[PDB]
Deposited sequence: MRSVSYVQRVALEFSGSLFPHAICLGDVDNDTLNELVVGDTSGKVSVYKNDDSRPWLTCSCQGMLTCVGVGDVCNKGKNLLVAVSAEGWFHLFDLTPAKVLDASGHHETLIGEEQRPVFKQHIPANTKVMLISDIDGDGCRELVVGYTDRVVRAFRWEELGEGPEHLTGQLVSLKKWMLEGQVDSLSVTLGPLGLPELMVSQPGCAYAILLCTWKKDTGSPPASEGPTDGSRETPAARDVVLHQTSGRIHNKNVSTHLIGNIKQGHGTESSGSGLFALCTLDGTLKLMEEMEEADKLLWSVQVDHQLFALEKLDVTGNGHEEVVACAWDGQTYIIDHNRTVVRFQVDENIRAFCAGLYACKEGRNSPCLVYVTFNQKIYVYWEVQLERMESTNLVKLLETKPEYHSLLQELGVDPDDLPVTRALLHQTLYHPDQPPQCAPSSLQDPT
């Protein structure tokens, strides 16, 4: 319900067009530090590390890029860069110690739209799930090696995002967004069940999942997932037990096209961050407190996540792509709190303040008296 104005910023030069799903952040050289990976239609991928405006390295692949990602796809205890083109190409990059040619290539069916890397069934080996513009979802597995087709789900509406979340039983699931603010559960690959949540039933819908709730629970824990629509509504619910309990929903007056998770407060809980075409970014926690941020610029792509910007330190970061051939990175989006309070109603929680006031003889009942006492204590030490 309150607006903020971030100032610290990094501008990176980037010329070319891309899809909204062709930008990511993550550790590519295996040093516990995140780097930005951006792939354009022109068949090149640029990596940005630290604060250099120029890209760290450019790797070229044959075709037109549609999806990028970073993760353990080969299941050999290392992170690799996956690039997926529009003609169903698949390139593997090992950027761990002048275009860098990939070390692997495999042809898959074309019309790829969205990628995902996660262990869907629970066998201990991570799987790759690819979405298609013709309402098709396809899972894979690395067999020591190549990629072996697993399953092929069919859908009625267009797919916009793939997600993995902790099911009610305690096993990973597979969520696919569906127009009209709906989502589909896909049965794991060793048919497709649909759920609805009130407007024009042809509105684009994006989904995000696996929202953390406590510190140290990122090893195994999920249950909350978010939906966004292009007509300007957001919602968080929980996919527990039988019924999907509704946590919250908000209605805005913008064209929302992004959905990420961040941790700005630093209390373990993850906040949902969404972006509009006009650049009105929303950061909402689990307790119905919105934080607004207006970049005042048309945005092509958005990405919120951990990044190593200054002096080797992972911090929350917001990344926008502008039409002026620039990428804007905000690195100090950290917030002390998220609601608005004062000193009086922050000292009314600890019992030490009440004990001290009782020991001083002053009863904490008259507001002017305690206000004058605090003023004397602060501005008049002697």
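Engineer: What ranges of the deposited sequence, counted from 1, have no C-alpha atoms in this structure?
Structural biologist: In the chain as deposited, 98 to 112, 160 to 168, 215 to 238, 246 to 248, 434 to 447 carry no coordinates.
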